[PDB]
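The structure appears below as structure tokens.
Labels A, B, C and D are assigned to the chains in the order they are written; within every chain, residues are numbered from 1.
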Amino acid sequence: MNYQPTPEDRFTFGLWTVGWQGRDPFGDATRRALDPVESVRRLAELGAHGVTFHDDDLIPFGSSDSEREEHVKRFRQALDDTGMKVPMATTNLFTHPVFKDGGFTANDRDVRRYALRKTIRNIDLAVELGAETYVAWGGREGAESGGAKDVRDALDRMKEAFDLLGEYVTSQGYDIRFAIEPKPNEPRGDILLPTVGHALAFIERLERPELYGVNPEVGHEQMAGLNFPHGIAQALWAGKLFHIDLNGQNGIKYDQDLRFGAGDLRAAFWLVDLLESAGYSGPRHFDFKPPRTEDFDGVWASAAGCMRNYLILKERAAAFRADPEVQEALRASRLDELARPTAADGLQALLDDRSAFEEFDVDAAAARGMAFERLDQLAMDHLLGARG
Amino acid sequence: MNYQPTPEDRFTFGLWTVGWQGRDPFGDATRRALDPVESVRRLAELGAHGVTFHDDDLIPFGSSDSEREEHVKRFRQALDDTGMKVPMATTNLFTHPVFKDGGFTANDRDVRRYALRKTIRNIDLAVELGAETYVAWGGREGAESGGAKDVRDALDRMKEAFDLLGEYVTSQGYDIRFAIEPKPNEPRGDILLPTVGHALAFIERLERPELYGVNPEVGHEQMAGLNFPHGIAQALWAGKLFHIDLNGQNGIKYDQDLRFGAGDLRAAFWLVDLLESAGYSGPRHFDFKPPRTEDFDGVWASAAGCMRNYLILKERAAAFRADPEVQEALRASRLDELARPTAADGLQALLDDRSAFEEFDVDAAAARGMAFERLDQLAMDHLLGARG
Amino acid sequence: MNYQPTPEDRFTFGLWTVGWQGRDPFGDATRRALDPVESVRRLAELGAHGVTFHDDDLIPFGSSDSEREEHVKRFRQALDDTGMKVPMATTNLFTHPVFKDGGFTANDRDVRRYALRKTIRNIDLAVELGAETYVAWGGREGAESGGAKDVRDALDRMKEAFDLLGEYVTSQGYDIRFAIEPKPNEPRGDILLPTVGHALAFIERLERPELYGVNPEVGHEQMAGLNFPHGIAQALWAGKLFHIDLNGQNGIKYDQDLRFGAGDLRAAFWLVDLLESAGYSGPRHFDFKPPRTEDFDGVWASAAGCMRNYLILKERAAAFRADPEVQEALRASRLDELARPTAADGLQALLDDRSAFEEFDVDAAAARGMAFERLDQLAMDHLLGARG
Amino acid sequence: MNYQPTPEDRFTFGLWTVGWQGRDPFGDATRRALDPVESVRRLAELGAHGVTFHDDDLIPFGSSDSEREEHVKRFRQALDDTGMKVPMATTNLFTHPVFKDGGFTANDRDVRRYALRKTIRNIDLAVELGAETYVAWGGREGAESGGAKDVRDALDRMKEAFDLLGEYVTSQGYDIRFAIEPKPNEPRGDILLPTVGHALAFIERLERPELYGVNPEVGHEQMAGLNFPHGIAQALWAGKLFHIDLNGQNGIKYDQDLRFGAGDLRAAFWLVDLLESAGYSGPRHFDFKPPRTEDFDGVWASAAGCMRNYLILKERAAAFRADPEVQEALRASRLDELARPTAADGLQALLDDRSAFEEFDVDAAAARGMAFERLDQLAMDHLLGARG
């Protein structure tokens, strides 16, 4: 009825999102840089809960130890002044030329050691600022050509790096967990761990798998043509959805990072339905870029729209699930039977059950319609607010 | 020099590949059906090692117990007459209308029980014929719309089904392992476990994960725009490449199942390089469809081309890796350093190493070229046989 | 407020849409065949304006001249009984095995002559039934491999065929125009004239270009990742939008033919906005397939949803364009300036205008935001009915 | 046998290709800038025929009239010193922030006038340097959202701009023609005239269509999943292939601009076959970016590989077409019949020919295999140099 966000809705934004200056591979910046303190103050006014950062967003690369302490103290004063929190942080292992062949899986061993030391330094800072999750996006881990990267050796190096970071946080006694953010390509021709599935599988080979989960991004799974709500369901089923990046993407192309709600709107509806019905309690983080057509007024408009669209879709998904006509349709399509075990009676009783094979009437079962189109049109009517 | 296959090269083909009659979603069959016995005899003449089958390829659906025994005895005589083996089998849980919403994850519980009984019946037959691997492709597990399938409940049902099949083979004492074949879409709008990564992650949640691996198909990972050699490397790293389906695909579109070598030729080269250098010893199985433009002479031509193209690429990948100029290029691009541990000295020594951070010269490291373009042009010259 | 269609809304459906039996490349039919007369009666009850057909949907292939007249007279009685019209017809040049390498561009010359005679026979029947548009979808014109089809010779053959059909209708004095329906792939690996742009360009090389336009389909341009409203705008700008096929598609994959509104919902909104604001007056034709999960009740539900979703989106697009806040936003984003000529003053005056170059303040112009994100969030609020 | 290029092979390169500094949307430059004079000298040593440029590659933006004359005179001396030619030039209407919503179709009218004056200034310079073709890539013409751009008004503005440029060159008496370069997306969410087909159709609506053709780029049509050799065939059939940009792309993703031969190798083979057999006589221009992993030695290696791979593929395509076994296969697949008119006897004789319908044996025609798989395996053997 009213779609105004409050800090209770847990909306967070990266400093690099509203602060994106608009440089793209074919053009110069269209906006001046934003001071982090200014972004914190503006986002607080719009109803945000908190902000996230890469090390190099907060502390310019090369900074002396004294300049570092000064940048952090200004930031911390803005947080104290506004009540904003810092629930997640991450490391920039992709912008500087030294990371051109990767950080953790760079072929040069000295670069891999530097990447780990740069990361550990920022984990300490994140803990100090209260973050609960530390994200890793290995944007430069990958290759443009087949012989440049032995992927088995590279996964050994990736496992080695995350194992060492797990050793580090446990030896320091820190309460922080790691989340890997997959992306299939860009800026490398193919990036390692390209989808939520590949990241979940990798984590199971780590020495302390309980410290690691995923940080999926809407547009990145869509760059592989995959269904983002399905991949989130698999991450929830595994107990590994530690954080999430929300935005929009129009299909398979360069990573657009549009505001949330833009892109595939029906997928956004089914994602919000799933997060709210599964009781996801982490931050609703927006990793988006206000288009470079916009001035600063359009940056804040686009950030506000992220939050607005989540809250509209939350309302429509809740209306859908509460509608008694929809609940009857779900039974007509046998979603209740999907949730019942196939064979709680056990293997032997299944083998002995003639009604499951010898005397199963396949033709009668085949003729039963699933009634999915009526259910989906109810979902469409709810999304569009056209119910009668 | 000569590219003639022998049974030692372990090339296998599904009965459904050369026996595809050419029916597609817009047209009728263009070829008559092939008797399985005829396919076994023809494939043996071409140098194949063996064949694979779905239950319903070998025994027509509905078959009485007596017709069943007759179909199998004819098949077995053809195997004995030719020396052909049967290393893999699988179940058809996708053609009959009863499977229109899935087999293991159908919303109707009675269909899920029937799907398990149909599978178990064919596992017994596979063991009898000597198969070592039992493949599952869940082509109908999935959805066209968001509300039709709760994916968390569906993954519970999928895990329940594979857990019961594992219970079955272990209680029977059978030496057979399972391999899941991913596909991202088609015939369902989105299929569950859509990529090698999602399947590997799922397997780790099974009660007896050691019995399950993957059966990746070249064209299916390419339908998601992903790099198939990279996904195979991840499956090999996990110890889970139990079988493989070889074919060709021209990018993101319907599943073409072209002959191996067609489609993305450079990816085929890097796949053969990887399988041969990792010492993959399972079958080289072709899951392909001779185009419906062809008569039976073109079917056998297309099957022969599958094997020929593997053997040419095997030769060119071996020439590449043996060339001393390539070995020097690999060192110039630091592939040797990629295989060395980043920090065998351990965490504490890494933290104490000033050369890894405080005194690391990032600018000097950044200026080092990786020399990947020269290496990739050596790989291209080898593939095209243009070395001088 | 109420979304009930009437024949005045001009909604039409192909006989092959609601009559699709559910056979797909991996499974058997799940529905029995529908008698055309039954489909006409049911669609009339739902508020449809008319139906369209391929020759072989109405008259089974091989039909004797006497069976033919009988099938047509039954159909015509159903049309008379219901008030349903037949505004478009088309030819099936894709199902029968003889068309496996194409109809108009088959390499065999005798098949190309047969394809033309089969087409001409149905044009006469279409005129008799009152159709105004004759569609051609060359689903089999194309190739799976490079050497199979010289595309320059094939375009000569395609032009030859359409030129002969134009000669035929003009010599007969018929008032019917042709519309080419593009599709980029499936069932051939690549289809000729794969997008609206390629079809529009081809038409300009025909001997009588005024007789030919396009029949774009939502999901087909989306199978190439393209923006369907943009391609429709280009077809309208050229004066060539003779008919349109409405449906839904979830990105780049096999042709789903979902009901209209499903798939990319925001693109559907912008398409309806464009058709209604440009005053498109032809039929709103649905080329869709009710999913094979459905029984006949779900078929009619899915057909009804096509019409419902058009009417909801029509209402929301009209509300958007009528909102004075949106009209002010359009001026803020300078859509009014886009519609003014760049240089009605002419070339010489442009060259003499120092304000266009020598004294143009580029920095001041660059700093002007375009305000597109606020406009797009107004469009989102209107679509979701969340305006306040 | 030897693959050394000479200026006779007409290979050309943009200054922006070898001079790309490696800045991408997620990272800083990895190479220093190259002086244009140095690039001309190095490319001449490698066997190139000439170079191309944007205005802003040669003359830094903002340059005073005196600095301008100096930059051009240095360049011209390098051309004279090396024998290098300048066959094409183009305008940068995409890098500066003023072009953030387009050049010719920017919503702001003053920006559209500036874009035309910037273009005309560089056409004069191109003519002075001897260029024959002037390319336009409208990289910023397009939109991220639906309401931001009325595409019909934008195409009016695009036509207005190209009509004025045609007026300009004709009134000046210049012998130069224009070529539009399509791209479907990036950096805008959708770009206008996204494919070769849309550009060819647009040109037919210009006032003097004979002055305009296309400049297709391999990777751009592949970003839409389309077959680049087919689109080139359509451009050749229309008489509109005025220039071509050669490079490589691995499927549907961001524009990679890899060296020619990388990406889809079989498509490169069929493209070279087509250009050489159609007798394309324009420049073989490489629009590529040496990956940012490389130092300057890798830049020159990658440029050399462009030329090498064209010359290898030229040899293999010529061997294919000259092989008598291939010529017999082409007849077996009836490529000779494809080139014969379908009905040179005319419409009336076709209607009177009972052998084309009443007495056509469709079943006999349908059973004829097309023998395309054998032909395609001959093409594969030739490409890989595996003929015996």
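Methods note: contacts are C-beta pairs under 8 Å (C-beta built on N, C-alpha and C of every residue); 3 or more make two chains touch, one makes a residue touch a chain.
For reference, the UniProt names are A, B, C, D = Xylose isomerase.
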| item | value |
| --- | --- |
| Selected interface, C-D versus B-C, where C-beta contact pairs are more numerous | C-D |
| Listed pair (A-C, C-D or B-D) duplicating the A-B contact set, over half by residue number | C-D |
| Inter-chain centre distance, chain B versus chain C - centres from mean C-alpha coordinates, in Å | 38 |
| Intercentroid distance (Cα basis), chain D paired with chain C, Å | 30 |
| In chain B, residues with contacts to at least two other chains | 30, 96-97, 100-101, 144-145, 148, 185, 190, 223, 225, 252-253, 262, 266, 291, 293, 366-368, 370, 372-373, 376 |
| Chain D-touching residues of chain A, taken from the complex the two chains share | 22-30, 94-97, 99-101, 139-140, 144-145, 148, 185-187, 189-190, 223, 250, 252-256, 258, 262, 291-293 |
| Residue ranges of chain A in contact with chain C within the complex | 2-3, 30, 222, 225, 251-253, 259, 261-262, 264-266, 290-291, 293-298, 301-302, 304-305, 308-309, 312, 316, 366-374, 376-377, 380, 383-386, 388 |
| Contacting residues of chain A [partner chain B, same complex] | 96-98, 100-101, 104-105, 107-114, 116-118, 120-121, 143-157, 160-161, 164, 167-168, 171, 184-185, 190, 192-202, 204-205, 223-227, 229-231, 233-234, 236-238, 252, 266-267, 269-270, 273, 278, 330, 333-335, 337-343, 347, 350-351, 353, 355-357, 360, 362-363, 365-368, 370, 372-373, 375-376, 378-379 |
